[PDB]
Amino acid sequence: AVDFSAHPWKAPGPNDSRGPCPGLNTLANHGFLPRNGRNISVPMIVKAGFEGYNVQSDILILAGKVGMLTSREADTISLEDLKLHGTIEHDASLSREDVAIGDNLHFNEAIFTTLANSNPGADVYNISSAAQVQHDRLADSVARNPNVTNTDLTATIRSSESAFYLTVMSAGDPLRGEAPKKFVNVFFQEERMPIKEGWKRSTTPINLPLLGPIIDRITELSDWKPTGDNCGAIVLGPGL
């Protein structure tokens, strides 16, 4: 916010709604979004992402409104709703399992290994490592998931999510496209803003113009190719 000291991290309780997005889960665990994770509107996401991370409305409105499709309510979601497969949620996640063969909702340390072990011999993750992780995660899904979906759209969302962890959890300039491993690991493993570790909210606005070239570079380095249908169709609502 202005005031991070008024936004302590608290572990979610068993009935606090959490989803497959560490970004939104983290905001909830700090009360930038409701701690119960319910009745969350796009305006609330925009405000929360601005205050918590300095992520601007352009990307939060675009993603937010697509996320709204995952609930049965007119204008809000539960965070857990976002797990709806094929709206935003996708195979070859960084920290979750593919829904056809596992839990697509909760953090999974065994999946996270790949990201956790990336960019050996640095204390940062950095675009080339992000690209290698994506390549490796997708290969894992192609090897082990008979229902794998991999399209231009999923590939692009995947690169966006990598650009998010690199920029939002950065030490200095999110432009640099690298983040301390100690910040990113806390972000994923605990869904906590690593304040005591030394993280501060970006003073640079994180918007689509800033993210665009980072996303494209990750995609390009990931040596990604179409594998199948390549139809970028999203699921438009629950229980269809």
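Residues carry their position along the shown sequence, with the first being 1.
- Higher average CA B factor: 171-179, of the stretches 28-36 and 171-179.
- Per the deposited record, the Cα B-factor of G198 falls in the highest third when ranked against the other modelled residues of its chain.
- Ranked by C-alpha B-factor against the other modelled residues of its chain, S17 falls in the highest third.
- Annotation for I206: CA B-factor lies in the lowest third of the chain's modelled residues.
- The entry lists a Cα temperature factor for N117 that places it in the highest third of the chain's modelled residues.
- Annotation for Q189: CA B-factor lies in the middle third of the chain's modelled residues.
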